[PDB]
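Scroll down for the structure; my scribbles are underneath it.
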Amino acid sequence: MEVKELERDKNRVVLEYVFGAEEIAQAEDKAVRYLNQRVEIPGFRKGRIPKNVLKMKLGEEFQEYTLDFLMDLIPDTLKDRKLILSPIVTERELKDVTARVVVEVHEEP
């Protein structure tokens, strides 16, 4: 986990938390755990839906749950600071793994 201070404006501080691959996987696992306590779908025993199935059914909504659990890492990083309020979330973002290759081809004239 890497936190960067974006700005300080008096006692108002903006912090950007960037989460690593391990934390993301841990958060995805909490999301599976959370969902399996609360939803039952045809074809799977109560509490036994595989992670892959949840990601497929839920699609882009699965990320929202993943981000919810990532958010839960934050308070502990601030327990050494004296703050009036709980942190206010002003932005969230998750980008799945991605890959790109650029090639050049020469068509027969």
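Derivation of every value follows stated rules applied to the coordinates shown; laboratory data play no part. For neighbour counting, all protein chains shown are included, and Cβ atoms are generated from backbone atoms with ideal geometry for every residue, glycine included.
Charge dipole of the stretch 55-109 (Cα centre as origin; +1 on each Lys and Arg Cβ, -1 on each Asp and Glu Cβ, all else neutral): 500 debye, rounded to the nearest 20. Counting Cα-Cα pairs of the chain in 10 Å increments starting at 0 gives whole-percent bin shares of 11, 34, 24, 17, 9, 4, 1, 0. Each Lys and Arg contributes +1 and each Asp and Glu -1, all at the Cβ; summed about the Cα centre of the stretch 1-78, the dipole is approximately 540 debye. Computed extension length for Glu91-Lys51: 11.8 nm, one decimal, from 0.36 nm per residue of separation with the Cα-Cα distance subtracted.
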